[PDB]
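Colleague: Take a look at the following structure, please.
6 protein chains.
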Amino acid sequence: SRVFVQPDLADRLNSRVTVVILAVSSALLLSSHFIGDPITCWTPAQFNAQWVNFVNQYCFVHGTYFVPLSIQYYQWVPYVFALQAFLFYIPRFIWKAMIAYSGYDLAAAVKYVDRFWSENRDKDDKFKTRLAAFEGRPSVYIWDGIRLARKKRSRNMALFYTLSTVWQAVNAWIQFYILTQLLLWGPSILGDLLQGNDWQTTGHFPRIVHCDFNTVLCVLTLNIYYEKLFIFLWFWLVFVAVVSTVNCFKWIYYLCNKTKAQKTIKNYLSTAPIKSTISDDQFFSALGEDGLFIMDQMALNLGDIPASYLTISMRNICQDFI
Amino acid sequence: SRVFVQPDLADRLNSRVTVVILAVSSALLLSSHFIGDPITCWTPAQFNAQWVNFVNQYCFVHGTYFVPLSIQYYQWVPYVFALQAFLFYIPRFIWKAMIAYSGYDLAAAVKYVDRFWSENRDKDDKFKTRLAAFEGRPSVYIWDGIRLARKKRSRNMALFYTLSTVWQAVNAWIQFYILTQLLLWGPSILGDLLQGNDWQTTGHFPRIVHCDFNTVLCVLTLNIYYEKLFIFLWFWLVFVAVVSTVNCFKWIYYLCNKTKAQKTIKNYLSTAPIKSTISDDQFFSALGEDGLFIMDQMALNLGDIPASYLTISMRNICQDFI
Amino acid sequence: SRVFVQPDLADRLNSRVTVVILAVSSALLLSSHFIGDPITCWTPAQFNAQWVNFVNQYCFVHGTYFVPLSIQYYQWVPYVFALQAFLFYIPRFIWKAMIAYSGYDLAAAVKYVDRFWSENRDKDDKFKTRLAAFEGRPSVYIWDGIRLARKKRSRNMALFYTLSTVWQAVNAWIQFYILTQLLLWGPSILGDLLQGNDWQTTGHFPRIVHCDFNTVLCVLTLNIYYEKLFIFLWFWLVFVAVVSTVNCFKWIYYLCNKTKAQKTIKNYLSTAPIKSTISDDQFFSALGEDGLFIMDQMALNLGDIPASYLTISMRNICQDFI
Amino acid sequence: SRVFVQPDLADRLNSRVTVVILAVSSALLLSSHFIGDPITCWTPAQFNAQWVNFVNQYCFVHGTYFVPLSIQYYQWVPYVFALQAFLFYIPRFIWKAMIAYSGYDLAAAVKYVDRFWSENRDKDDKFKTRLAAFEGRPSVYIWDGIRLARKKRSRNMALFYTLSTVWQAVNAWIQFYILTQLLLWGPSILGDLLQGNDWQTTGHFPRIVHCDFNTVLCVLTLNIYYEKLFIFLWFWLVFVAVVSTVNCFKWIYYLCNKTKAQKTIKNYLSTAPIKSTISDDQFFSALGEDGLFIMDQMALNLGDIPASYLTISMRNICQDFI
Amino acid sequence: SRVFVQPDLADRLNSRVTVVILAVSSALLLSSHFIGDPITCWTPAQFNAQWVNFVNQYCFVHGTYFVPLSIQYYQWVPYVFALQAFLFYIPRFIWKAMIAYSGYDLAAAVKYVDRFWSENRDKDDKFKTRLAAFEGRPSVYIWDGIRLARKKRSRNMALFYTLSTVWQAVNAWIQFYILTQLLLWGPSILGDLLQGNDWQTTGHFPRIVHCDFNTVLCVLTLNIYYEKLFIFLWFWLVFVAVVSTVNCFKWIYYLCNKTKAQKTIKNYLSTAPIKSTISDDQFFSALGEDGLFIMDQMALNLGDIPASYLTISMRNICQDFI
Amino acid sequence: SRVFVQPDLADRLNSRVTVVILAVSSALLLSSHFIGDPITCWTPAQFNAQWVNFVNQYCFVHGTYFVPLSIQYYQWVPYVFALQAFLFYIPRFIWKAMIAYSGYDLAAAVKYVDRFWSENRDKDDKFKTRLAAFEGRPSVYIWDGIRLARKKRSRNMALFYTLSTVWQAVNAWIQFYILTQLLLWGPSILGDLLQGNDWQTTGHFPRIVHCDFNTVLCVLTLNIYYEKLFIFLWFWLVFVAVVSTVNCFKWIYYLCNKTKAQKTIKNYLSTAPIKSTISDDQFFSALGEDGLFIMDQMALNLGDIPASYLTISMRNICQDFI
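Listed in order, the protein sequences are those of chains G, H, F, A, E and B. Count the first sequence with the authors' numbering and you get residues 16 to 22, 25 to 86, 101 to 214, 221 to 251, 262 to 369, in order. Count the second sequence with the authors' numbering and you get residues 16 to 22, 25 to 86, 101 to 214, 221 to 251, 262 to 369, in order. Count the third sequence with the authors' numbering and you get residues 16 to 22, 25 to 86, 101 to 214, 221 to 251, 262 to 369, in order. Count the fourth sequence with the authors' numbering and you get residues 16 to 22, 25 to 86, 101 to 214, 221 to 251, 262 to 369, in order. Count the fifth sequence with the authors' numbering and you get residues 16 to 22, 25 to 86, 101 to 214, 221 to 251, 262 to 369, in order. Count the sixth sequence with the authors' numbering and you get residues 16 to 22, 25 to 86, 101 to 214, 221 to 251, 262 to 369, in order.
What follows is the structure, encoded as structure tokens:
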């Protein structure tokens with residue numbers, strides 16, 4: 016599994034890059050406020066190089082307030112980020128478990144046809160009898176997979192995929208809303230920032246805060272990297288959520304129509320110069336349950352030509368049912 | 016053994034990832050409070066850079082109390112975690128020892144059929160005579176294993192597997208309960230935390246504690272990583288325990304039924320276009336004791352197609368008993 | 016994808034080198050003002066090695082003014112640079128997504144013909160029957176790609192490419208304008230610098246600034272690397288924008304003419320000593336929709352000879368339409 | 016030797034893991050109290066950063082006493112541990128020397144048959160004539176080894192193995208007893230620890246001890272890792288001793304019975320469809336002296352099938368004596 | 016491109034070594050005055066280890082004057112050097128772009144004939160029919176390149192090469208003049230240095246300078272590496288400029304003569320014992336436009352023998368025009 | 016030589034492991050008292066961080082005395112150990128030189144027959160004609176070596192080997208005695230240590246010594272590693288000496304008997320089913336001078352089976368003398 020099952026949908030690797038970017042940010046913030054110094058302080062009488070080395074930690078863990086010329104989110108962001116990264120990685124595992132429970136095995140079939148194509152795409156002798164090759168080796172494997180899956184909890188694989196996509200969209204929107212509930222709705226802070234009010238007057242996100250100690264004037268270095276990060280993370284999260292919602296609506300419309308869903312297969316079926324006996328309708332009657340989604344996956348993953356060859360070879364041996 | 020016997026059940030690698038995560042946490046805590054400084058102190062008169070370098074260790078090993086505006104678990108968590116990791120790794124060793132005492136050898140058989148399939152899955156000449164290949168090389172190996180094991184303490188392998196799973200579930204629940212007995222039942226601390234009472238008022242998990250010394264006001268840095276860790280470890284342990292209990296009940300129901308246990312084999316047996324002589328009942332009468340579990344393992348490990356081929360070839364040579 | 020789809026247009030790798038240079042500059046500035054010291058200060062009474070270690074950060078985050086014998104852009108440049116680098120990388124992703132939505136697959140076809148040529152360019156036996164080889168193996172692949180793409184949202188691929196180039200040009204000009212709106222129009226600062234007014238009199242870009250603190264005279268080391276960088280970045284950005292605009296106008300003129308667009312193909316078609324049956328016009332009538340752009344890509348990527356061979360072999364089997 | 020003779026009995030690698038764990042503990046303790054600081058002290062008047070750098074070593078080498086609100104074992108444990116590790120490694124060398132003096136060579140024979148099996152386990156042509164292969168190449172090697180050893184101090188190899196196992200058990204129990212004589222019998226300290234008496238009242242294992250110096264109050268950091276180590280080492284040593292004693296009694300019962308010792312061979316001999324001429328008794332009369340133990344070793348090391356094949360081929364050529 | 020197009026003219030790698038040496042010098046100077054200390058100062062009253070750590074940077078960025086017993104070029108040399116290195120690398124890119132726009136592809140042809148020669152230079156069977164081999168495989172490739180280039184903006188390739196060389200010479204002289212305008222014309226400073234006036238009396242290039250500060264006597268360490276570098280850089284730049292000008296005049300004379308330009312080809316044509324039909328004049332009439340320069344490149348790059356073989360084989364198939 | 020002649026007698030690699038352990042100890046002691054601090058001192062008035070940094074070296078090189086509540104061996108042990116390691120490595124070189132002067136070459140012959148066996152031990156076709164193979168290739172090499180050596184100072188090789196072993200035993204005993212003459222005969226110090234007198238009362242091996250300086264109380268850290276090392280080195284040296292003496296007496300008895308020395312050869316000669324013509328006595332009369340020792344070496348190095356095959360093949364061609 017770790018070799019091949021663990022390791025390309027159009028704009029689904031956005032979950033992978035999301036996990037990557039959020040984990041990088043979280044781990045870098047941990048490294049910053051655990052290796053370097055996140056805060057500094059200044060008691061305007063005198064130090065001993067060990068006063069400040071304690072007042073730093075004190076004023077860090079204790080609360081700090083700010084006043085222009101005890102509010103802090105230091106204790107949640109670099110951990111809610113790791114939690115968010117884990118929640119972004121969840122949906123891929125959900126989809127894998129769903130395809131495992133469905134009964135069929137799609138990853139292995141894609142890898143098999145991919146290896147077949149990458150192997151005999153260059154053999155000159157095995158290129159004129161190309162359709163013969165495709166109906167010979169891999170087509171039987173795909174058909175046996177279809178046959179075995181048809182009798183075990185696999186008649187609505189597309190429904191499981193659409194549910195996975197719905198969960199992905201809901202998860203992205205929930206992550207964005209969670210980011211919103213950790214302080221100001223974006224363009225508000227940008228307007229207060231673009232018109233020239235950085236923090237002196239607008240108040241929020243301070244960088245020179247006082248400290249209670251029984262006039263300590265502590266400066267929050269690492270804070271300057273938080274409102275250089277949220278301004279980008281907000282935009283990028285809303286973009287990811289929008290693209291995921293668009294993909295979700297696309298797959299919903301695909302599932303609920305089933306009429307223009309066979310557009311690609313009906314297109315592929317009109318290329319080979321054979322058109323021998325099997326009508327268009329009975330091919331679907333034998334395959335339309337699940338094999339439609341699998342052929343669409345082969346097309347969306349391998350490409351178009353090696354998928355057209357496969358789906359036009361599969362007609363020539365389609366006799367298990369009709 | 017270290018090459019092949021030492022190195025994929027659905028949601029059993031949760032024990033492996035459990036050992037990994039707990040060992041990482043424990044070793045990182047040891048490294049923190051053994052390389053970096055875990056504590057800091059402040060006597061509000063004067064230091065000499067060697068006062069604090071002793072009061073740190075003193076107030077660490079000695080007890081510390083806390084009062085709002101000698102309780103500590105520093106000395107057990109980073110070691111009970113390693114003990115828990117070892118106890119999570121135990122059940123895999125128990126299962127290996129049980130399969131060794133059973134008499135049969137399952138890992139080697141799985142590896143053999145896996146190598147056979149991975150080797151001759153691509154040979155074009157050895158793909159039409161596919162059933163012949165499977166009934167030729169590996170089927171005889173599986174049958175000889177069955178025959179040798181049938182006469183040595185191997186008639187109830189499924190019972191040993193179910194006992195291993197029961198032990199896994201009991202172990203997970205005991206680990207969770209052990210985590211509970213080291214201080221507040223989860224959602225209680227979360228509610229006291231989500232409504233905005235971090236530690237100032239709620240008391241437990243302090244970060245600014247006093248110290249007896251014959262007003263030392265020591266700060267516990269590393270404590271901030273403990274209630275950022277338990278909040279996650281509780282959820283994750285209860286999830287692992289729940290999934291293990293579900294798997295346990297599944298295997299119990301499998302063992303006690305034996306009627307719908309042959310569903311997969313009865314399904315596979317209805318695919319090949321041979322159906323020559325051997326009735327369905329006598330195949331089971333020759334195999335149903337142990338080979339059922341072994342075929343289920345081959346299916347749950349190799350996949351479905353290379354398991355169907357194997358179990359439909361094994362009928363064609365099933366003559367040792369009937 | 017990460018192996019082959021993710022990885025040579027004439028002066029488009031200027032976007033790649035742009036991303037490289039801007040990311041290097043931004044990351045080096047972050048490393049400088051996060052590892053080394055970016056600023057220094059001097060209160061002309063006395064220090065304690067911890068005064069300055071706080072006044073540095075204070076005067077850094079707080080504003081600083083300058084007077085000859101609170102203005103600073105320290106907080107935006109090293110981040111607007113990373114944003115600019117991301118915006119320079121966007122257009123390549125836009126073009127990839129556009130070619131994916133178009134229906135055809137150009138990268139795989141280029142790689143296939145490239146592998147074919149690099150493989151059998153040296154075989155002596157397969158060099159007299161060279162035209163036979165080209166019309167044999169890869170030409171059929173190209174034609175099948177054409178045929179499959181012709182029936183799926185691919186009749187105006189050149190329009191999508193021209194739109195990608197327009198977006199590239201607009202993006203480059205917007206990046207330059209953004210650089211301009213972060214303070221002086223180039224040659225002005227150069228004239229004030231070439232005639233011998235570095236910063237003492239001209240004022241802007243100071244290096245010895247005062248600081249408010251309730262006469263601190265802080266020196267900005269890292270500032271000396273900013274007006275050694277803008278002077279070059281301005282020139283290089285305007286050069287990149289000019290070359291991109293020239294490329295854009297070239298492709299616009301190409302798309303809108305369509306008469307001298309077939310100049311290269313009409314030239315290639317007059318070399319082989321065959322000229323057997325297919326007139327020049329019907330070849331284009333079968334190919335002129337999309338295959339023109341694909342042949343131009345093969346020529347602009349592979350070279351000229353292996354493209355001429357391909358496009359003169361494709362005539363000998365051009366019969367799918369006429 | 017270092018290549019192959021120097022490098025899998027069931028629960029004998031417990032000696033290897035024992036050596037590993039004890040050597041790790043000992044070397045880590047040496048590194049701790051030789052690189053880091055093991056002790057700290059505090060004279061409550063004043064230091065000079067070189068007082069403590071001498072009082073540390075003084076109070077370390079000199080004795081230290083403890084009193085609640101000159102006893103130390105610092106000088107023996109991290110060396111008795113290395114001595115124990117060496118004494119755990121001894122029995123393997125004893126067994127190797129015993130098998131060398133016995134006359135036969137078992138390791139080379141096991142490696143030879145292992146290489147033979149791993150080589151020709153996959154050859155399809157050399158799989159129908161499988162019994163022929165086994166009686167052909169390796170069986171003659173095993174028989175020649177038997178013949179050469181029969182005339183040189185090798186008639187009671189099992190006795191030497193049983194003596195090695197007796198020595199292993201005695202050594203494990205002696206190591207445990209040695210651990211006991213270095214201060221409290223386990224569960225006593227656990228009860229005094231589980232009921233909540235860490236060291237303040239129970240006294241033993243102090244961490245805040247005084248020091249004679251002509262009120263020094265030295266703290267023993269590294270001591271906190273000793274009673275976090277003995278509590279585990281006691282349990283693990285008693286477990287290793289118990290398992291070794293069980294193995295010893297098993298092999299004693301094996302040697303003294305000789306009746307159910309041939310159970311495995313009598314089982315293997317009833318599988319091949321030959322049963323040609325050689326009775327069961329005369330096979331043992333030719334082999335029962337030493338070859339019984341060697342076949343048991345082949346079974347306990349290679350597995351069961353490649354051992355059954357070997358022992359059923361060895362009958363077909365058993366003619367050197369009868 | 017990065018593999019083969021990006022990677025041997027006689028004394029053109031002087032541009033490569035120029036870029037190397039100037040980039041090394043510039044980067045080493047940056048590393049020196051950014052990692053080590055470039056300056057030191059001494060206020061003859063008292064310091065605090067932080068006075069000097071600020072006066073260093075102050076006196077560095079601010080001006081410094083010198084008086085024997101505010102002039103500085105610290106701020107331009109280590110950057111004008113990088114600019115010069117980039118300007119030395121430009122001409123190679125200009126030549127590559129010119130050969131790309133010309134229409135022909137010279138690098139690929141050179142690499143092809145080089146691979147052909149390096150491959151079949153050792154085959155003994157393919158060494159008697161050597162001329163047959165050369166007129167067989169690579170000659171047709173060269174001729175097809177000639178034919179394709181003849182109809183696309185390629186009739187004056189030598190003119191483009193001569194323009195590239197003129198640009199190289201002008202660039203070298205401009206770089207030298209730029210070095211001169213950054214302060221003394223070479224031998225002047227050498228004479229003032231060889232006769233024994235280092236800097237005490239001659240003044241320029243000081244190493245003990247004063248500093249304004251409201262008698263600071265700062266020493267410029269890194270200055271000692273500047274007049275140990277210019278003295279060599281001047282000589283080496285004038286040498287590079289002279290050799291480039293000589294090469295330029297050589298190529299100008301080559302282009303403008305065209306009579307003794309065919310000396311090498313007329314020499315090669317008088318070696319093979321064939322002299323069959325094609326007169327000397329018509330060969331040139333078919334090739335003299337561009338192929339002359341390409342054959343000269345093959346000779347100047349591959350060597351002489353593998354170029355003579357090629358150019359004497361090309362006559363035997365020269366029939367495309369005459 | 017460095018490849019093969021420079022690189025397995027039973028318990029002769031004890032010299033190799035002896036050199037290893039002594040060199041490790043010596044080099045580690047040098048590293049300790051040359052990198053870390055070996056000593057510490059305390060003048061009970063005041064320091065300046067440079068007093069102690071000189072008194073350390075002074076009191077180290079000068080003598081130190083001890084008194085309970101100028102004796103030192105610091106200057107010899109870590110060098111006498113390296114001398115001892117060299118003297119332990121000597122005997123192997125002596126044996127190599129002796130075998131070189133003897134005339135024969137044993138190492139090359141052993142390596143040759145080893146390579147022959149390791150090569151053709153697995154060939155199935157070359158396994159029935161096994162005796163033919165052995166009498167074919169390597170036997171002639173061994174016989175030619177015998178013949179060439181018989182006429183050059185090689186008739187008493189066993190005498191040279193026995194002398195080498197006598198020298199080894201004498202060297203081991205001399206090394207042990209040298210260890211004894213560097214201060221208490223072992224069990225004396227152990228008894229004074231086991232009954233509980235570490236150094237306070239027993240005196241020898243002090244760790245808190247005074248120092249003359251014109262009451263310095265210096266502590267000898269590294270001393271604690273000397274009486275943790277001698278206690279083990281004494282036991283291990285006496286064990287090595289005993290085993291070497293036993294081996295020496297064994298080889299003496301072997302040389303002086305010559306009757307039961309041919310026991311192994313007389314045993315091997317009674318296995319092959321040939322016994323054709325050559326009597327037992329004449330084989331020895333042709334070989335008994337030197338070849339006896341060489342066959343014993345082949346047996347003690349290669350194993351028993353490949354030595355039996357060789358010595359039974361050598362009879363079938365033994366005709367050079369009789």
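Where is the CB? At the ideal position from N, CA and C, for every residue including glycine.
Whose Cβ in chain E lies nearer than 8 Å to the Cβ of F207(F)?
Modeller: Here the premise fails: no neighbours, minimum Cβ distance about 20 Å.
Colleague: Taking any Cβ of chain H, which residues in the segment 57-71 of chain A have a Cβ under 8 Å from it, in chain order?
Modeller: Those would be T57, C58, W59, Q63, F64, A66, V69, in chain order.
Colleague: The beta strand (DSSP E) with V20(H) in it runs from where to where?
Modeller: Premise fails: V20(H) is in no beta strand (DSSP E) and is neither H nor E.
Colleague: At least one CB of chain F closer than 8 Å to the CB of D145(G): is that the case?
Modeller: No, because no Cβ of chain F sits closer than 8 Å to the Cβ of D145(G).
Colleague: In terms of alpha-carbon separation, which member of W222(B), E274(B), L339(B) lies closest to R244(B)?
Modeller: With distances taken between Cα atoms, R244(B) lies closest to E274(B).
Colleague: If you check the beta carbons only, do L47(B) and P109(B) fall under 8 Å apart?
Modeller: Yes.
Colleague: Answer yes or no: do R33(B) and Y356(B) have a C-beta to C-beta separation smaller than 8 Å?
Modeller: It is not a contact, given that the beta carbons lie outside the stated cut-off.
Colleague: Could one say the Cβ of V266(B) lies closer than 8 Å to chain A's Cβ atoms, at least one of them?
Modeller: Interface residue, yes.
Colleague: Throw me the rounded Cβ distance for the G240(A) and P85(A) pair, which I believe falls under 8 Å.
Modeller: Sure, about 7 Å apart at Cβ, within 8 Å.
Colleague: Is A203(H) near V287(H), with beta carbons less than 8 Å apart?
Modeller: Going by C-beta atoms, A203(H) is nearer than 8 Å to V287(H).
Colleague: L194(G) lies in the alpha helix (DSSP H); which residues open and close that run?
Modeller: Run containing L194(G): 188-211, per the alpha helix (DSSP H) assignment.
Colleague: Cβ of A44(F) less than 8 Å from any chain G Cβ?
Modeller: It does not; no Cβ of chain G falls within 8 Å.
Colleague: Would DSSP call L45(F) helix, strand or coil?
Modeller: Reduced to three states, the DSSP call for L45(F) is helix.
Colleague: So, does the CB of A138(A) fall closer than 8 Å to a CB anywhere in chain H?
Modeller: Chain H contact via Cβ: absent.
Colleague: Please tell me whether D337(E) has its Cβ less than 8 Å away from any Cβ of chain F.
Modeller: So no, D337(E) is outside the interface.
Colleague: What's the C-alpha gap between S149(B) and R178(B)?
Modeller: When rounded, the distance between both Cα atoms is 26 Å.
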